[PDB]
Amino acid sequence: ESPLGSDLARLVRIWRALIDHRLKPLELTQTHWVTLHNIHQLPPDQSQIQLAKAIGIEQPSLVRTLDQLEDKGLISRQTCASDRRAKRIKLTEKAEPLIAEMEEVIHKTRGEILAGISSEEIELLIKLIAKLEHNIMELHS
């Protein structure tokens, strides 16, 4: 038969290794990219919880990442006036310079990774991924 579960596992692992590598010259990690990509793509002034839910990671995972970005002056936490419990995640000015460059390395690489795949074979793949994630999300209950 076919070890598809571990084969995906291994795919993601090396895919990470690659992105991690193509970013090292920017002092960045895949894990940073994913968080930044997501801020720069949501209605500004998100709460962390919102952002977390967007990215698909529990809030603690997101905490560590924000902490790191904050110590590189790439993000800002400001307490939510309406809900003094929450925080507004906003990008800094120092951020847009790293983003342009970044989304390129990515873009560049996304192409290099998807070499030889009909945009249909892609959209299909993308369908199945969402479907698999679907079935699993159900057996959770």
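Start at 1 with the first residue shown and count on from there.
Checked against the record, the higher mean CA B factor of 91 to 99 and 22 to 30 lies with 91 to 99. Higher average CA B factor: 119 to 127, of the stretches 119 to 127 and 5 to 13. The residue among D83, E58, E104, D67 whose C-alpha atom has the highest B-factor in the PDB entry is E104.
Annotation for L74: CA B-factor lies in the middle third of the chain's modelled residues. In this PDB entry, the Cα temperature factor of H37 sits in the bottom third of its chain's modelled residues, the lowest group.
Among the modelled residues of its chain, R110 has a C-alpha B-factor that falls in the middle third according to the deposited record.
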